[PDB]
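Below are two forms of the same protein chain, given as structure tokens: structure 1, then structure 2.
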Structure 1
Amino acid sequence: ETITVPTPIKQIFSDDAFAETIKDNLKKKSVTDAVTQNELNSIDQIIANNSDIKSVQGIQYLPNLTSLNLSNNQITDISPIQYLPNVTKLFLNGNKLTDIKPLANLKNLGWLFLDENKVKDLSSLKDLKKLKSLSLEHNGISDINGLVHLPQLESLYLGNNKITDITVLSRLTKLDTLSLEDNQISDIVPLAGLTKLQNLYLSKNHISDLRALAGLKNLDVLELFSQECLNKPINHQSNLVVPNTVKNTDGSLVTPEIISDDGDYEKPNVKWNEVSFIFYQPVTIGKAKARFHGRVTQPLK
């Protein structure tokens, strides 16, 4: 798309706030000032954080735009971005996005930041062969199966979601930085062969078994605290015996730190409507030191 006659900024960029962004970027005096396509072609970078932007309609007239920061606005639709082929950096944190199908077209996208939106389907990212860094925290996401075809990603932040199944991650063999903190993950076996991983954030999941991590020799940063592990319910009895299922990287059992209701440990079992125990174990994997810590809860029926 091109404009062929000088046109007031507000007629092209229909959201007042975005119109103000373009006016400021071109150093104009008013959103009623006329712009030409030549002036719009001069826009290589937009910095428009914190601007109450509700729509980026009109942005399709910025062919040379390579970096676009729309953090912390109120945007609901990013379709006008889809035909901007030179965009390589896209900051969309803190908006109201649900659909990211229009990003499928951004073949040169390199960095994409989408935290604090409501994007729940990621299959739209499969086209993106130059995507190196993706952040999708706090989106309410459960299904990450669309991340199959970004096998060249280097950094992926998926913390603070509703993820249980990380099967697809075994294909993301270029990852050096991965966050899955504050999800619902118990099975970390899909990580076991991802030997390039350097930085791995796994706190606040449901992880009780570290065997999956035993071969990750390039780890430098590792976080493993505040797990919450929920056993399947068992019948209440006067004398309760529950196998300890908490395991170190070498498969040895982690001795409980504290056991509820004055219970005690007789290895491999913890003995006493619910009981629980807490564990805390410093671990080292490669150069990475972490504290493996959490609680196992046993409901009783």
Structure 2
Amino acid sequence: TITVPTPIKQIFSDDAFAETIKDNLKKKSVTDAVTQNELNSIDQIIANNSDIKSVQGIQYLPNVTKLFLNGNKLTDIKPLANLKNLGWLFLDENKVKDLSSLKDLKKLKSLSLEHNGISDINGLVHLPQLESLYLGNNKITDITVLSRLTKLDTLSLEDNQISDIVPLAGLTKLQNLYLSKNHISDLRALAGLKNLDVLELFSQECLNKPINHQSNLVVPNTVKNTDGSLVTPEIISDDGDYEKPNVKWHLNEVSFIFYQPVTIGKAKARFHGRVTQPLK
């Protein structure tokens, strides 16, 4: 308990973050004393691009509802665990993977974790109230848990490693869905998302299981539009030909590009990507 006015420097162990608090409080120096009343009156911390390595001390700001921590060096958010009034949290371009620290933040409506090198998102199961979630540019593979998040109207999973989008099937409140740059080759389970305004599906990279190099190679086309029909290949490598439903080559790896427009609800998307077939 700050029972006497205490220098900002002594409360917040990280110099970068102490500097941020000095400026948000409009103070002159990080050596300047602050009362708890002052800390209690901060609703908002704007702390982008400030090289913060630790928000240790943020516990003493119990009433903060918005936190902008984009573009810092955080690798741990345990101090946020008790900021129960938190509504918006943005943690882009840090290296944060302990999402369980967020488990009891029940008022949290918007959350951004883009560019954090995240692979396990199972922690998000504890945040069913989320209205807005950004996970672009991570290493995400399994999005099973997102089936719970039926209050989301905005979801961004772009630039990840997702191939199965079936867990999105019931998220019918979604209006904006970003899935470009993944391993998605089957759109069928997105057909019920009829409240979509915006959908992006471009630049998918798909990689088949390896098979034996032959003179007469025949790989079956597995790319499906929302209605379940095959997307016709547009460019085939190594002078290959389409013989519906198979791509066929007369020949140590081959590929094709696909493209097809896609409507769901009121959203028009460009389903586009590459299927690569490694050989041995």
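Superpose the two forms; the largest set of C-alphas matching within 1.5 Å is the rigid core. Please note that residue numbering is based on structure 1, beginning with 1 at the start of its sequence. Residues that one form lacks are left out of the comparison.
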remark   = Rigid parts turn between structures 1 and 2; the listed option from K96, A212, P63, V31 at their hinge is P63
note = Cα of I43, core superposed, displaced between structures 1 and 2 by (Å) 5.2
query = In Å, how far apart are the CA positions of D121 between structures 1 and 2 with the rigid core superposed?
reply = 2.1
inquiry  = I need the CA movement of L103 between structures 1 and 2 once the rigid core is aligned, reported in Å.
reply    = 1.1
task = After the core superposition, state the residue ranges of at least 3 consecutive residues in which each CA shifts by 2 Å or more between structures 1 and 2.
result = 2 to 63
